[PDB]
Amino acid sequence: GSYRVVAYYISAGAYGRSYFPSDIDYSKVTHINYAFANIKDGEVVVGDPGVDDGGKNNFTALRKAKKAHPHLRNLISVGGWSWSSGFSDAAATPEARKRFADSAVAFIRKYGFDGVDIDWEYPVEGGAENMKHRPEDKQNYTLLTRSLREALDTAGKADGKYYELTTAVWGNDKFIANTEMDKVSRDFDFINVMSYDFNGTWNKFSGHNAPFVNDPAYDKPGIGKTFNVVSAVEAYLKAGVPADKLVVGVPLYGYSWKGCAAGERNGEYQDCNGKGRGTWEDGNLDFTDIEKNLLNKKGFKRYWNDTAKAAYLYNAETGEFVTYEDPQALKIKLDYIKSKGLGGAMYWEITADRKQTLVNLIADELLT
C-alpha cells in the first residue's frame, strides 16, 4: 500500500514494563523506531547497555524479528527529550557532522538496523533543562541531515542495501521557524510529525494532548490557536514537507491532573491541583491502564468535545481529568491521513497499548 505505520519502541520496555521486542505484533507496523541511542563525544552510542546490546539484548530480538518479517524496517532513534544536548555540537562543523554521520553508519551496521531517526528536541530553542542550542542550528539541522544522507547512501552502496533517514519534529510550529523543512525534506525518507504533547501537566490547567482542530473555547494563557493536529499538518505542508512524506503522530499514553474544578465543562480547560494518577509515573497513564481501570469506570466518566474532536475522562469525586486518544478521535485522524494523501501514522509508544485497541485500528485502516 501507500501508508507507513511507524511504532516507537522504548528501551525501558525491558524493565518493569516487561514488554520486549518479541511482544511486538510486527504484522501491525511497517517500521519500528528504537528509542533511543545517546550522543557521547559527538558520536551515536548505545543508550543502555543493560537492555540494548547486552543484558536483555533488545537488539538481538529486533534482528530476529527482521528475519521472521521481511517487510519490516527497524531504525535507531538518536536523541529524544532527555538526550538531545549533543546535537548542537555535532551539527556545528563539517568535521563534527562527518564524525557523527560515520558513528551512525557504524552503529546500524554493528546492531543490524535499517537506518536512523533524528529526534532532536529542538533546534535553536525548546527542550529539556540540560538541552544545548545555538542560532546556527537552523542552517546546521539541514547540513547534519545532508551529511547523514550522504554517509548512508555511500554505506548502502557498499553494503548492497538501502538505509532510511527520518526525523521526529515538534508539533509546535516554532520548529518550522527554527529549521528549513523545505531543504531537509529532500533528504529525509519521511518526517514523523509529533502531533501530540499540545497540553500536559506543565500547565496547571487541563487540556487535550492531541485535539484534532482548534477549539476557541480553550483560551488559557499562551496556549496557541495552532496547538492541534490539523494546524501542525497544514503548517508542515506549507513549510514544504511533501504530503507523501508527512507521517501523523498519535499518542498511546494519556496525561492526568488532580483537583480540577468542574466548571461548566466537567473539568475541561479548568484550574487543577497538580499531576493525577499515572502508570509508571504520576500524571502519565498507559492506554492499557486507562482502558482497564478508568474508561467509564471507577467514577471516571467519558466526555466528547465535538469542536476539538477529542474525548476526556473526569472523576467529579477527586477532580481528576484524563486526556487520552479515543478510537472516535483516531478514526477521524486516519480518515484525514487518506484525504490529504499523507505518509501514514506514527505512534508513541507501542508498549503503552497491550490489548492493541489503537494499534489494531491504525493497522486495519492504513495497511489492509
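The first residue of the sequence shown is number 1, and the count goes up from there.
Across the two stretches, 258-266 and 163-171, the PDB entry reports the greater mean Cα temperature factor for 258-266. Higher average CA B factor: 66-74, of the stretches 66-74 and 328-336. Ranked against the other modelled residues of its chain, the C-alpha B-factor of residue 51 as given in the entry falls in the middle third.
Residue 239: CA B factor lies in the middle third for its chain, per the PDB record. Annotation for residue 231: CA B-factor lies in the lowest third of the chain's modelled residues. When the modelled residues of the chain are ordered by C-alpha B-factor, residue 82 sits in the highest third. Placement of the Cα temperature factor of residue 293 within the chain: highest third of the modelled residues, per the deposited record.
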